[PDB]
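J.: Structure below; questions to follow.
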Amino acid sequence: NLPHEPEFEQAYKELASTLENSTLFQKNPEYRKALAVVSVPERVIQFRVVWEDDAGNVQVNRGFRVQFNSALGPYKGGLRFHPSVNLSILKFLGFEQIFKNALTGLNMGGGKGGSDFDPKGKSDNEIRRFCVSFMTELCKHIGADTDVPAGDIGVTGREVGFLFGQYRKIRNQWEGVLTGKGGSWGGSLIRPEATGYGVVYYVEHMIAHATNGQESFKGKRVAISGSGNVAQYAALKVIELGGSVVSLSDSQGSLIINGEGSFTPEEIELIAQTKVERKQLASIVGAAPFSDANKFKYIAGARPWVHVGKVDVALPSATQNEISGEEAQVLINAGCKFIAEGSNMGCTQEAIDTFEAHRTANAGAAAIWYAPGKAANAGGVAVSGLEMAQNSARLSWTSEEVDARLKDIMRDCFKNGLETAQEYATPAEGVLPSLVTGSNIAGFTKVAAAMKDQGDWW
Amino acid sequence: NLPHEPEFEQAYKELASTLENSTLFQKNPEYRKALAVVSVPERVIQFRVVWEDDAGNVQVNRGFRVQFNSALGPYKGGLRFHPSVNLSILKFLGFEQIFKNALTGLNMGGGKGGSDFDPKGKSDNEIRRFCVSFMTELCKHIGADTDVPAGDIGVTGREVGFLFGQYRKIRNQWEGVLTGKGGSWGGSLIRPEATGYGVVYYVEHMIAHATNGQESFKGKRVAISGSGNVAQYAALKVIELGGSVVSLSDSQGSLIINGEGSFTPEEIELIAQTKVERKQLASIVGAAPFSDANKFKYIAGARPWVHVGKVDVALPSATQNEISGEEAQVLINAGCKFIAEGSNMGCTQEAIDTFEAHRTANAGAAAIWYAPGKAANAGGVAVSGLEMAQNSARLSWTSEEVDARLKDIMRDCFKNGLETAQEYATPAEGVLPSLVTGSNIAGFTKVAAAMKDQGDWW
Amino acid sequence: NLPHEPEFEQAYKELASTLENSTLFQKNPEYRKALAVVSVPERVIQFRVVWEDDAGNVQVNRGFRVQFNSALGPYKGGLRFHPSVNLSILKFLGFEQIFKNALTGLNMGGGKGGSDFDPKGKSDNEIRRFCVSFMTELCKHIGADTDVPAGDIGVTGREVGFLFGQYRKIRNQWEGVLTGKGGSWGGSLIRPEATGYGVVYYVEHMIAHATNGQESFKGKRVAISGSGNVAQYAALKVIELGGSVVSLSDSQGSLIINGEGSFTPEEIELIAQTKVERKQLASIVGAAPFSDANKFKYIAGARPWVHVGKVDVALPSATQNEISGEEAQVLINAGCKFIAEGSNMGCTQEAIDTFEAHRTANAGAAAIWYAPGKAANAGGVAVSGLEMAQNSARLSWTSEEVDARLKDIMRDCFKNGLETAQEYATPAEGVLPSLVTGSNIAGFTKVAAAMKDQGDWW
Amino acid sequence: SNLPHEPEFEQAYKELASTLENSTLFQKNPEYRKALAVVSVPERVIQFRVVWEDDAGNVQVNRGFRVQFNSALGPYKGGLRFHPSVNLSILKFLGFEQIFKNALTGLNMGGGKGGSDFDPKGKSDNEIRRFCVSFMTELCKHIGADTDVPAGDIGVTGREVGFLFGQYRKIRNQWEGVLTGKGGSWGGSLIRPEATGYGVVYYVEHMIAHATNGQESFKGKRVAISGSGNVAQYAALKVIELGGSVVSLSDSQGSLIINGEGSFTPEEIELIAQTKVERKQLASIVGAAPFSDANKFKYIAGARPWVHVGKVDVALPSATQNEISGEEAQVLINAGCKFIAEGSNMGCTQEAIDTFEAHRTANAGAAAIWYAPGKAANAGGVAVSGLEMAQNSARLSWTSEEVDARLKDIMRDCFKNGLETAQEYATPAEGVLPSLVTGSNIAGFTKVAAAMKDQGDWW
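Chains as they are written, first to last, in the authors' numbering: chain F, 3 to 460; chain D, 3 to 460; chain E, 3 to 460; chain A, 2 to 460.
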């Protein structure tokens with residue numbers, strides 16, 4: 003009899019239902035066996051981790067690595083360091099990573115792990131001492147051809163460092179065992195720009211499809227939210243591609259372009275610099291260049307969607323639930339034909355249905371086409387693939403070579419949605435398929451077809 | 003004393019007798035010692051396989067992996083499941099595969115394995131359990147840096163899958179350990195088009211050498227027998243290069259182009275469909291577009307060769323023994339300058355002799371040039387290389403890349419045979435070198451020299 | 003107490019010095035702790051080697067692998083068979099290899115190894131037996147991901163193959179375990195040309211920076227000394243890039259041009275022909291094409307430098323101490339702006355000094371710029387990385403691809419110097435940074451930061 | 002070849018070649034001269050940087066060594082020393098010597114030594130632990146219960162062997178006899194703390210029986226022991242159990258001697274032991290009973306005991322290395338001493354051994370002082386190491402008597418082997434005691450090089 007894993011049970015249940023709400027089990031009833039086999043993890047290793055504080059007292063924590071599926075590649079997925087962390091939670095995140103990884107087209111499996119060690123308040127020494135203990139046991143079960151972890155909440159560049167360093171010390175091997183590594187020791191160019199650029203390349207593959215190769219980002223006006231990695235870099239891509247960034251935002255208010263024009267790459271770098279020193283957009287409007295009142299209007303308390311006027315593309319990249327149902331409709335009245343999430347769960351369920359019913363009711367390129375986070379924002383995941391690719395050759399690509407390849411990888415991710423929705427939720431003649439509905443299913447179907455080829459089920 | 007291995011002994015003779023009838027041993031008489039050493043296998047694992055049939059009974063079969071030579075690369079060669087299988091047979095096919103893999107210039111060794119297990123009348127369930135057991139032992143002695151098997155008789159997608167999955171299960175590693183793998187779990191694009199395209203690419207390099215790069219496939223008429231995947235895809239690549247595909251065939255008869263012109267790509271495809279439907283060419287000529295008497299002429303019970311008129315290239319891609327002595331001479335009467343086996347052993351010994359006695363009699367592009375199977379149709383073998391390349395970085399290539407690279411590899415195959423005939427079987431001045439001789443020796447020399455470099459012999 | 007290690011102790015002291023003559027320890031006084039930690043090798047293997055002579059007597063020699071630092075990659079570096087060999091000498095060379103290797107940008111650590119085994123006067127059968135015995139133990143501590151050794155004094159192609167083959171037999175793996183491999187069994191194209199081209203490309207990147215990208219080698223008069231492959235392949239590349247090779251020279255004398263005009267490839271192939279036959283430059287001047295006193299002019303005794311009139315670029319590539327203080331001054335008065343080493347210790351300390359004190363005294367493109375051997379002749383190292391890169395996919399590149407990539411590695415190498423010099427030895431405005439100082443620090447800082455990232459020090 | 006200066010080693014090598022030359026060996030077996038050049042180079046030496054962290058959290062660096070010298074007879078056996086004077090030279094020397102010593106036990110046990118130059122002096126248990134953790138993280142690659150089984154030495158005791166053991170088990174994930182000197186509940190052996198001390202007395206008591214044609218034993222015998230750690234403690238106790246008297250112990254600060262004719266008692270030895278636990282000195286314990294009593298005891302500051310005990314029969318140096326020189330050798334000759342063997346490693350300098358072996362040549366019979374070398378006589382602690390492995394493999398914990406019975410046997414056969422080896426090859430004049438030094442060195446060398454020849458090491 004199972005224990006209570008409510009975080010996982012729901013993630014399980016969300017998948018089942020979307021597979022049932024589709025033609026997948028009419029055309030292949032035998033894929034209920036796939037769901038049954040796939041949702042038991044292949045392997046879970048739990049381990050005590052004993053580490054020492056700056057005072058010398060003993061401290062105990064629980065370390066986990068859920069290694070869910072490896073049919074399409076080595077186990078791949080993040081490490082989480084947070085006092086909430088437990089099996090139930092890492093399964094929920096392992097499970098989903100199978101299918102979000104699978105959706106990219108790369109040869110990557112699915113897993114997640116970490117510990118309930120709480121890095122808040124700890125010194126860098128304490129972190130280093132814990133990482134060293136964590137990796138002393140974890141080194142046994144990973145490797146560049148077996149399991150390739152990465153970062154997540156409370157594990158970034160610094161901890162990836164400590165973990166890589168101790169893997170090496172024990173294993174006597176330099177290899178792509180971890181991703182999100184430093185640039186001099188097997189890290190990848192276009193990592194910081196990965197999620198920003200990846201969203202833009204994805205939407206570009208949507209445009210060409212809907213417009214039969216006739217239109218692109220060029221000429222288009224693009225309203226964007228947020229000002230961190232994700233917005234900055236999606237903004238820079240629109241610009242290089244001859245488009246128009248017409249809005250940025252932070253949590254206190256929106257900076258939008260007055261009339262026709264865009265942000266320039268010079269201006270975006272200013273906004274970055276102030277986001278490094280953690281100053282809010284209202285603080286830079288009093289000086290040049292943002293003081294120009296003919297170009298910029300700063301609106302306080304406001305998300306940008308209602309203030310941008312006529313827009314063609316919409317890119318939330320700030321937080322979750324930053325587009326409501328009333329903002330979805332205003333976006334539709336404003337002529338916006340495309341929308342993707344740079345941020346995870348960026349659009350509310352209300353707004354999602356609003357985009358999907360509108361798509362449903364408008365044949366072709368009169369529709370507003372929506373892309374969920376799990377596909378459009380997988381540029382971070384894609385570039386991890388390319389880290390390992392380069393790590394395998396022990397060689398650094400150029401920033402042009404990674405960038406170009408990143409785009410191709412968002413095409414495969416685009417294709418996987420497009421083709422799976424055309425097959426399992428066939429729209430009417432004229433109508434665009436559902437990239438959301440396609441993208442919740444494609445991960446499962448690639449992985450289950452794989453599992454059957456390999457005798458994991460029958 | 004030695005055992006009886008007629009299959010191996012026969013193939014060992016043929017190579018000795020190729021090698022003796024040349025200058026190889028007058029320049030390097032010590033290379034006789036390489037011959038003695040190379041033809042004793044580096045390693046051979048034989049093993050019992052106990053497996054359960056659908057009725058609950060114990061079944062016993064013999065498992066084999068002959069790992070012959072690894073000087074140029076790790077062991078490369080297929081698995082065969084047929085009741086005929088035994089050490090001698092595998093030692094035959096594995097010995098050959100050393101030299102025919104070597105001939106490509108890719109870094110590949112030589113081996114062969116499989117079993118006396120008979121897939122005839124076996125449920126897919128019985129196949130899976132045999133594959134799971136056969137792998138349970140085979141996994142100890144193989145691995146991507148060590149020994150990389152593939153398909154052969156009785157082993158294709160189904161078994162390559164079951165074998166891969168069980169390897170993954172025990173070894174806990176995702177890697178290029180088998181080839182002919184699925185598209186989603188590490189197969190290469192251009193896998194089906196690989197033998198057809200490779201033959202066409204081999205011929206292209208014949209044309210450039212033979213005319214100094216004044217000619218190509220552009221403007222030439224190509225006779226092609228066969229109408230399965232090799233014939234199909236060779237005809238397509240010909241058409242892509244500006245060539246005319248003037249014939250297709252099957253066991254019952256021939257479909258030829260009337261006068262001048264070519265098959266189009268949508269005509270190959272229609273044929274390919276009706277081939278999947280298991281119906282013959284004679285049955286589609288009642289309808290359009292093959293009912294056009296201006297364009298097509300069905301000929302029952304004929305091979306295409308005498309009925310195509312004047313022709314530039316010929317591509318045997320149906321069966322063994324489809325060009326007789328009479329048909330070689332008719333192709334020579336019809337001005338055909340290039341003949342190359344897409345099918346295996348496509349030309350009968352008299353056709354080969356005819357073509358060789360015509361080359362010796364005609365300096366330059368006057369001569370008909372024959373290119374043998376082991377050289378012309380190693381494109382399935384070459385894309386096995388490109389499958390492995392990709393697997394390593396865990397990154398799919400494009401069609402455009404895999405395809406580009408195949409031509410490169412077929413250039414190397416061509417160069418190896420060409421140059422080896424200039425050196426060790428030197429034709430008179432202005433007369434083309436022998437690609438049959440070249441290609442039966444190039445293998446041996448590359449390995450023998452490499453073996454020496456490595457202290458395998460001295 | 004630590005043993006007397008004079009050659010290592012001096013090499014440590016030189017670094018500690020060049021690190022002190024900089025802002026590095028001001029800006030980061032913690033990095034002194036790196037110099038401490040880094041300068042004790044991660045690991046050393048010493049081992050008895052017992053091997054048999056042609057008479058059948060047991061002979062004993064010592065074998066060493068210093069695995070110094072593995073932060074930027076797996077250990078990389080040469081093996082040396084010379085009777086001087088001890089730990090101290092290999093410690094010295096390994097130490098410097100870590101920093102030389104980091105300079106390229108590539109993911110290579112640093113090591114050295116070998117034995118006191120004397121090849122001088124040993125038969126090719128004894129070398130082979132020692133290699134087998136030697137590699138029987140060493141196999142245990144190297145591999146394609148741990149340590150990739152190579153050649154040095156006493157270890158060429160022949161020895162390399164003997165080492166490769168015994169690693170194959172034991173480990174039963176074909177991998178990129180060594181570099182300098184035969185072209186059939188994992189070699190790379192552009193190996194011979196590596197140092198010569200490498201040099202030229204580094205000077206092309208210099209030009210580019212020092213003329214804000216408007217000049218290249220196009221139009222430039224280029225002084226070369228030497229006439230072995232290094233000068234020859236530097237001279238072919240200059241000419242490939244639209245530049246003029248106006249001198250070559252042997253130890254006996256110098257062949258130069260009269261006024262405008264330059265060496266042609268074909269004339270270089272005659273100097274290459276007659277340098278294989280061990281004959282001198284003075285001998286070939288009797289005949290055409292060199293006998294043409296209008297184009298060419300042989301000067302016995304002399305080096306090129308005073309006789310080549312006005313010149314732009316100066317590539318010493320013959321033997322040590324070949325540019326004195328005074329020839330530096332003449333190179334300066336001839337208008338030379340660029341000078342690299344292809345031959346190690348090509349410039350004398352006085353000439354290095356003249357070049358730097360000239361650079362310091364002449365803002366911008368008025369300066370002569372001196373590039374040091376460690377950065378300029380990193381071409382053989384670069385291609386070592388590219389050889390491995392190729393062995394990780396079992397797929398060899400074209401000459402043109404290895405050539406393109408050798409260029410970019412030389413760019414990274416330039417960058418690393420230039421940027422480190424801009425940082426830790428800031429030049430005055432308009433003055434070029436010191437690449438000698440650049441390349442001395444850049445190695446250490448790159449390896450030091452990575453060690454901190456990976457918690458090897460704190 | 003360039004070769005580094007390893008003075009301690011080179012000397013131990015040359016002296017072995019000497020004692021083997023000075024005998025009928027290489028005439029009867031001239032091919033063994035080839036084993037000489039082979040044996041004396043090590044099979045494998047692993048060096049490694051050890052990086053660790055002090056209580057303030059500052060980085061510290063140290064040098065790690067394991068010398069794997071010979072393995073023909075067995076897996077590499079021999080201790081770990083943590084002392085600031087440690088280098089490859091010293092470890093090669095201690096390594097080399099460990100080979101023949103382990104061969105003399107008659108258990109299938111090779112030779113080697115390792116350690117670090119980490120000084121435990123002044124350092125907290127948390128620092129040592131953290132040191133052993135980083136030390137073992139690298140060493141775990143090159144050792145194993147069928148490969149290399151290290152042990153204690155100066156700087157490494159039961160404390161450090163626990164720390165090291167536990168980090169092996171973490172990384173490698175096997176519990177095994179990959180070390181010795183272990184605690185009684187996690188693979189340890191009974192009699193390990195007793196073993197060296199017991200071993201030397203056991204050995205010496207066969208010297209008595211032989212030299213006295215069965216007439217005498219330790220019964221009656223006054224025996225001058227040096228040192229006051231575990232070796233001298235249980236050596237002393239073994240002499241008191243066998244009817245002898247112990248008339249001295251000592252530390253680095255001084256010697257504590259008997260007055261008149263009595264002995265140390267187990268009661269006293271136990272107190273001296275608990276004093277040595279806190280690591281207090283012999284000068285700190287003579288100012289209250291039972292060591293005040295100046296009719297039984299006299300405490301001497303700065304002195305080794307030898308001149309102060311007067312007339313002695315046996316001498317048992319168990320303090321530290323090079324504690325006996327020619328001066329003291331002659332002092333023991335003049336004291337009527339007839340038997341001497343070291344408890345401590347390498348207690349007698351070459352001068353002592355030249356003296357003792359000159360003395361033996363000169364005087365026939367029971368007038369000779371007879372010296373037993375280290376490799377033969379203080380192999381009791383290392384014999385019991387082999388039995389610790391035996392017991393880990395057997396997966397059982399043998400009784401005190403069973404181990405003792407086996408230790409006993411081991412030192413018997415070693416004495417026999419040494420005695421019978423010299424008798425065959427360095428044959429004495431009539432009456433004259435045969436050389437235990439030349440005999441023990443041959444018997445081991447032969448066993449090693451003979452096993453090496455068979456295994457294709459030399460030919």
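Note that the Cβ used here is the ideal one computed from N, Cα and C, for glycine as well.
In whole angstroms, give me the CA-to-CA distance for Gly189(F) and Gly178(F).
T.: If you take the alpha carbons of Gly189(F) and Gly178(F), they lie about 9 Å apart.
J.: At least one CB of chain E closer than 7 Å to the CB of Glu11(A): is that the case?
T.: Answer no: the Cβ-Cβ gap between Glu11(A) and chain E never drops below 7 Å.
J.: Counting only Cβ-Cβ distances shorter than 7 Å, please list the residues of the region 381 to 398 of chain F near chain E, keeping chain order.
T.: Listed by position along the chain: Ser394, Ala395, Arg396, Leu397 and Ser398.
J.: Rounded C-beta distance between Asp458(D) and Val39(D)? I'm assuming under 8 Å.
T.: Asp458(D) to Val39(D), Cβ: 6 Å. Contact.
J.: Taking C-beta pairs closer than 7 Å, name the residues in chain E that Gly184(F) reaches, listed in chain order.
T.: Within chain E, the residues near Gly184(F) are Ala452 and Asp455.
J.: Which residues in the same chain as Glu139(F) place their Cβ atom closer than 6 Å to its Cβ, once the five residues preceding and following it in sequence are excluded?
T.: Correct list, in chain order: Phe49.
J.: Can you give me the Cβ contacts of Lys454(A) inside the same chain, cut-off strictly under 6 Å, excluding the 5 residues immediately before and after it?
T.: Counting only Cβ-Cβ distances below 6 Å, and skipping sequence neighbours, we find nothing.
J.: Mind listing the chain D neighbours of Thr148(F)? Cutoff is C-beta to C-beta under 7 Å, in chain order.
T.: Correct list: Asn174 and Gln175.
J.: Taking only beta carbons into account, state which residues of the region 132 to 145 of chain F come closer than 9 Å to chain E, listed in chain order.
T.: Cβ contacts with chain E: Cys133 and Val134.
J.: Please classify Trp53(F) as buried or exposed, where buried requires at least 16 neighbouring CB atoms within 10 angstroms.
T.: Flag for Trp53(F) reads buried.
J.: Flag this pair as touching only if the region 188 to 203 of chain A and the region 395 to 409 of chain A have three or more C-beta atom pairs under 8 Å; answer yes or no.
T.: Enough Cβ pairs lie closer than 8 Å, so yes.
J.: Kindly provide the ranges of any alpha helix (DSSP H) runs that are 4 or more residues long and lie completely inside the region 375 to 434 of chain A, ordered along the chain.
T.: Complete alpha helix (DSSP H) runs here, min 4: 375 to 378, 381 to 395 and 401 to 426.
J.: Going by the CB atoms, is the gap between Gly198(F) and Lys220(F) shorter than 7 Å?
T.: Not in contact: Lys220(F) and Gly198(F) (Cβ atoms no closer than 7 Å).
J.: Does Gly115(E) get closer than 7 Å to chain F when you measure Cβ to Cβ?
T.: For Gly115(E), the answer is no, since every Cβ of chain F falls outside 7 Å of its Cβ.
J.: So is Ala274(E) in contact with chain A if we call contact Cβ pairs under 7 Å?
T.: No, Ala274(E) does not count as interfacial toward chain A.
J.: Of all Cβ atoms in chain G, is any one closer than 7 Å to the Cβ of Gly58(A)?
T.: No chain G appears in this structure, whose protein chains are F, D, E and A.
J.: Apart from the five residues on each side of it in sequence, which residues of its chain come closer than 6 Å, Cβ to Cβ, to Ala196(F)?
T.: For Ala196(F), where only same-chain residues beyond five positions count, the Cβ hits under 6 Å are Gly381, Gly382 and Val385.
J.: Could one say the Cβ of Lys448(D) lies closer than 7 Å to chain E's Cβ atoms, at least one of them?
T.: Yes, contact with chain E.
J.: Find the nearest neighbour of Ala427(A) within the set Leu180(A), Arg413(A) and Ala444(A), judged by alpha-carbon distance.
T.: Nearest option by C-alpha distance: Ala444(A).
J.: Cβ atoms of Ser285(E) and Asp252(E): under 7 Å apart, would you say?
T.: Their beta carbons are not under 7 Å apart, which means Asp252(E) does not touch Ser285(E) by this criterion.
J.: Are any of the Cβ atoms in chain E nearer than 7 Å to that of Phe166(F)?
T.: Yes, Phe166(F) counts as interfacial toward chain E.
J.: In whole angstroms, what separates the C-alpha of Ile226(E) from that of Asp414(E)?
T.: Each residue's alpha carbon lies about 24 Å from the other.
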